[PDB]
Structure formats: structure tokens, C-alpha cells
């Protein structure tokens, strides 16, 4: 019937989305709220509920418990949105104790035996678990979801690359504060200011996009991914949720904006075909107004709110270049929501027992 989940980092900006979404989930229960600094306290009392609505009634009085595999014989699934550096070793201890771990943290994203999973783009990479368990000599496993900023690009770019001779994408991002966590970005960095994130962050963004694109099954074979040029210039400003990206996308041969638009509108993959509960009907929603999408108004779009990437502004720049913009909800699709969708995919494929 129902799987009992633990949410690690349950009070954090990603944790609250697991709590919110799992409270309404048909078969995965938020059964165990883990923390460190606030172990012992009622969740409703200490959480910064920086998201829609209010802490779920049935969750407010639940006690925050230790992050300890041995206290968790009763848990079936581990969701892990832990800070970088701390996540890595914890997620291994859970896998070594036999748990399926779905991680939103960066630590394991480039391990060659760990899926870097966007369920609509590279669902077959869950097969990596087999080799992982064998070589790591553990009975559980780790899957990761990618950097939210990498997903806001990789989703529409992956859709495009599957059917077109895309040879470059040159990206500018304007990301929200919640992507940095709490305390995260100091207020003085973003009041009357735009904070560039710097070369390191630009680089890791395209690095993750390349891995995700390398794992997409294409309908055309040109150009080779090695010959695709990607670049990002990334920034944070004083928005709460929603990462906005402007993409100039180039092609090896003449490509019509209107054909690419239809490809984006019609985009679907295995989560849709399988009818997974958290799969949006329209993982890419395309808007036609020239002032949409906007962060405030469109970050909760779609039949599963916050699970759809919202694209718009599709326009021919020249015969071999188009402009589009994309908006992703950074803690729903970009983190917890993609993590729950991944869990549903793993359950359906037989990797996690119901």
C-alpha cells in the first residue's frame, strides 16, 4: 500500500517542499522528519514555511528526529537534500544500510555509477543502480537530481537536442534566493543589486547540462555532443522562488523557431506515458505573450503546480539561431518534486518495493 519516507533536512527550503507534496501524495507518506540543529522540536514550531499555504495539520506536531540510519528500520525511502560536503558521506551510510536514497545534493552527481536523473530526459539511466550496488558492495542505492539551474536549461535543450542539429546554447540566468538555502544570500547582496555567481558556478551549470544531454536518446545524430558549445552567465536577485533563464540556441543547419516551438509544446517522456502521480501532463508549457513567463505569475503553473518548466518568447534570431526563455520552480521541479517523480519511476521499474 504506502511507502514510509524520511525527509532529511526536513526544515530546509527543499525539505518543506517534500513535506508539502508528500502530505498529499497517493502512496508515499512523509513518515520521518530528520534534522540536526533542531532534533527534538515540533516541526511546526521551528520551520520557516517559506512556501505556499501552511504547514500540513498532521505534520505540525510531528517531532524532528535524528539523521541516523539505525533509528530508521521503519522507513522505506530516503529523500536527501543535504548541504554539499555533508550529504556525500551520509547518503553512502544510508545506501550501505540498504535504503534507496534520492538525493538533491551535489556530492554524488558525477559519480559514474550514480544516475543524474531528469525522469523525462534520461529515465533509462536508472539501470546504473545495478553496477553501483555491485561495485560499491551495498544493497541500497543513490540516485541524484541535477542542479536546479542545470534543469531549467537541460529540459528544453534536451527536448530540442533530441530532434534538431543544435550546436550551441548561450545562457543567462536570473535565479531566486531560495536556491541558496537559509541563511544563504545576505540581504545586502541583492537589495538594489544583481549578484553574479561567478566562474565556478557558471562552469558547474554547463558541466551538469552536458552530462544530462549525453544521456538523452536522440532521433538525429549531428552534431556530436563533443562539438556542442554551451555557456552560462549566472546571477541571483531578490526573487523568492523561480529561476528565469534566457537561452540563445544555435543550430548546424537552418531551423525554424515555429517547428522547435511545436516540439517543446508536444514534449513528453516516460513519466507521462507511465502516468506517474507527480508527472506533469505538460512537462514543458509554452506561453505566447511577449511579456510571459514572469517569475511571480508562472512559477506555480501546470496540473502539478511547479512541476512544469514554462517556456516562452520563442523567436527566430537568424536562420540558425533562436531565442527562448525558461522558468523553473527551483525547489519543486528543480529539487523535491523531481525527486518524488524519480522515486515514482524507481517504484514502477521495480527498484523500490511499494
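Positions refer to the first chain, counted from 1.
- According to the PDB record, 101-109 carries the higher mean C-alpha B-factor of the two stretches 150-158 and 101-109.
- Look at the mean CA B-factor for 323-331 and for 39-47 in the entry; the higher one is 39-47.
- Across 282, 211, 96, 204, the entry's maximum B-factor at the CA atom is seen for 96.
- Considering 198, 183, 119, 85 together, the PDB entry gives 85 the largest C-alpha B factor.
- Among the modelled residues of its chain, residue 289 has a C-alpha B-factor that falls in the middle third according to the deposited record.
- The deposited CA B-factor of residue 251 belongs to the middle third of values across its chain.
- Ranked by C-alpha B-factor against the other modelled residues of its chain, residue 306 falls in the lowest third.
- Among all modelled residues in this chain, the alpha-carbon of residue 277 has a temperature factor (C-alpha) in the middle third.
- Per the PDB record, residue ranking by Cα B-factor puts residue 52 in the middle third of the chain.
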